[PDB]
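A.B. asks: Let's see this in three dimensions:
(4 chains, ligands or ions: 2)
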Amino acid sequence: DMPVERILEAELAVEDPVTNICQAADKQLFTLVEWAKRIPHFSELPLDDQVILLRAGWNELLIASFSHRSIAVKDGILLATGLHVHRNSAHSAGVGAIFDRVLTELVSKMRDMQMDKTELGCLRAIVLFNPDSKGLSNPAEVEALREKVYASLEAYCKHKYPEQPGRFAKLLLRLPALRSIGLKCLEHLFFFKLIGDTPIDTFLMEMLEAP
Amino acid sequence: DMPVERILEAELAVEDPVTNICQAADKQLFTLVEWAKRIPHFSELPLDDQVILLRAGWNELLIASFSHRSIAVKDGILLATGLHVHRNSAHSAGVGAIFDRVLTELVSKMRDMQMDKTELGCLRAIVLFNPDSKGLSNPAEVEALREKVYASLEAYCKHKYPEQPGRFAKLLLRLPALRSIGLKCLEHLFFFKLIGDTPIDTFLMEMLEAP
Amino acid sequence: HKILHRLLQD
Amino acid sequence: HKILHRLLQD
Ligand SMILES: CCCOc1cc2c(cc1-c1cc(/C=C/C(=O)O)ccc1O)C(C)(C)CCC2(C)C
Ligand SMILES: CCCOc1cc2c(cc1-c1cc(/C=C/C(=O)O)ccc1O)C(C)(C)CCC2(C)C
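C.D. replies: Residues are numbered from 1 along each chain as shown, chains lettered A, B, ... in the order given. Ligands and ions are numbered 1, 2, ... in the order given. There you are, the coordinates:
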């Protein structure tokens, strides 16, 4: 079983610019572990598999959260640290194009459809239970949990938004944008590390190590 | 309107290893233009927008097709040129990891669910009508076409596979794997170009130029 | 993007 | 991956 109520409860329980962005990311990594443990059945998975899932998904999971958080923000994002980062500040820091991708492909789409917190929570749980993650001891178990999440989300959408029959598909179709943006932000982080001017804290550093 | 019959008709109408792989890709680029013109409403879009969509989607569109083509192939893929490329040959050519991703995240998943040609065609049309593509003159029109495709696919899945209520979601959830794999293959191509040992033909070269 | 333009033209 | 292991442990 995978009730959306527990997923929603998980979301509610955890509620230059590049430097400030990296601080927030590190900060939210601690919070993410807490979120994942509150997602039904995650803690019962083998510890090694919990490690694989969080290492595979952390970036996408964190991007989804700050994007939804930014829905009331005009042309900007709200960091978990309380900092509002505007589009102009991103451009003038050399990361304008990727910043705009987040705004147009994620934040704005979440805003235009009024994506709610149960929906965000489900999409994140789906991202968490990624059966393509390399090294898993039982991908079939993870797949099964993913299927349960999206069965519940679909039922939740049919019930809460019956006048929007395409809503469920619309939600799932933000996941390719998220994947792509996650991979681009990670590329940037590796570069910030390489150049060596940007402070990168310990949990963020550990995510950047090889498996 | 967006009947799955027309989409299926489009699919049916177009029916070292790195070198052979790049030949096939170039070859299939000509075929892809023909496919797209047979997808309802694509040809009626502004020529500049047709250009944007095909430049944004070509790789994912081509990867989807060769993956489905490879469903009967054990631990390998079938190139459009008629060449079977085995896993061993990919590894011993320095591209083993990405090759295995295609096998496990795409080919094997298509095989285990018996993804049919109507379903492949719809997923590709969805990829084609990507409203996130930069520079589009009317993203809303492209979005509308994407929505029509996935309304029809859902209806097609409910009707043809009524005993599999999760099938539609399962189909859409291969799209993040495809995005990621597309981006990795493109990275490799840019590297093959940089090193300069691999022959890269003209249509493939043109896709590799800036917008 | 000459090749693509030409093929889309017909 | 010491930090993650430690936090998942509890
Ligand atoms: C993972 C460290 C850098 O992560 C980034 C980088 C960026 C960006 C975002 C992130 C990021 C931020 C966060 C912040 C989360 C939060 O504050 O809750 C988590 C994960 C991330 O990858 C945006 C898209 C805002 C701007 C471009 C750059 C590349 C600077
Ligand atoms: C776009 C030129 C290279 O495209 C590749 C590269 C690869 C691979 C596939 C392609 C590729 C092939 C094709 C071939 C299609 C076809 O034969 O119908 C289209 C687009 C592509 O990106 C696989 C995953 C097979 C093996 C790894 C590499 C990186 C060598």
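A.B. asks: mind listing what residue A:170 touches?
C.D. replies: Contacts for residue A:170 (C-beta atoms under 8 Å, 6 or more residues apart in numbering or on different chains) come out as A:113, B:147. Every residue, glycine included, has its C-beta placed from N, CA and C.
A.B. asks: Can you pull the phi/psi pair for it?
C.D. replies: Dihedral pair for residue A:170: phi -60, psi -40, per degrees, to the nearest 10.
A.B. asks: now whatever helix or strand residue A:101 lives in, how far from the centre of its chain.
C.D. replies: If you go by DSSP states H and E, residue A:101 is part of helix A:96-101. Chain-centre distance of helix A:96-101: 17 Å, with C-alpha atoms, centre = their mean, to the nearest Å.
A.B. asks: So is stretch A:141-151 next to chain D?
C.D. replies: No: Stretch A:141-151 is not in contact with chain D by C-beta under 8 Å from any C-beta of the partner chain; minimum separation 15.8 Å.
A.B. asks: is any part of that stretch close to chain B?
C.D. replies: Yes: residues of stretch A:141-151 contacting chain B under C-beta under 8 Å from any C-beta: A:146, A:147, A:150, A:151.
A.B. asks: Include distance to residue A:53, neighbour count and secondary structure when you put those residues into CSV, please.
C.D. replies: Listed next are the residues of stretch A:141-151 next to chain B as CSV, based on distance: C-beta to C-beta, whole Å; neighbours: other C-beta atoms under 10 Å in any protein chain shown; DSSP: H, G, I helix; E, B strand; the rest coil:
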residue, distance to residue A:53, neighbour count, secondary structure
A:146, 11, 22, helix
A:147, 15, 18, helix
A:150, 16, 24, helix
A:151, 19, 14, helix
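A.B. asks: Pull the helix holding residue A:101 out as PDB, backbone CA atoms only.
C.D. replies: Extracted in PDB, the C-alpha atoms of helix A:96-101 (Å, rounded to 0.1, in the frame of the first residue of the first chain):
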ATOM      1  CA  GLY A  96      21.700  32.400 -17.100                       C
ATOM      2  CA  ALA A  97      20.700  29.800 -19.600                       C
ATOM      3  CA  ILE A  98      20.300  26.900 -17.200                       C
ATOM      4  CA  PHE A  99      18.500  29.200 -14.700                       C
ATOM      5  CA  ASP A 100      16.000  30.100 -17.400                       C
ATOM      6  CA  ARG A 101      15.400  26.400 -18.100                       C
END
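A.B. asks: Could I get the full set of helices for chain A?
C.D. replies: A:4-13, A:17-37, A:47-69, A:87-91, A:96-101, A:108-112, A:117-128, A:139-160, A:167-172, A:175-195, A:202-207 (DSSP state H).
A.B. asks: what does chain C give?
C.D. replies: C:2-9.
A.B. asks: Just tell me which of the helices of chain A ends up closest to residue B:87.
C.D. replies: helix A:139-160 (18.6 Å; C-beta to C-beta).
A.B. asks: now for the closest one, which elements pack on it?
C.D. replies: Contacts defined by 3 or more C-beta pairs under 8 Å, 6 or more residues apart in numbering or on different chains; DSSP states H and E place helix A:139-160 against helix A:4-13, helix A:117-128, helix A:167-172, helix B:167-172.
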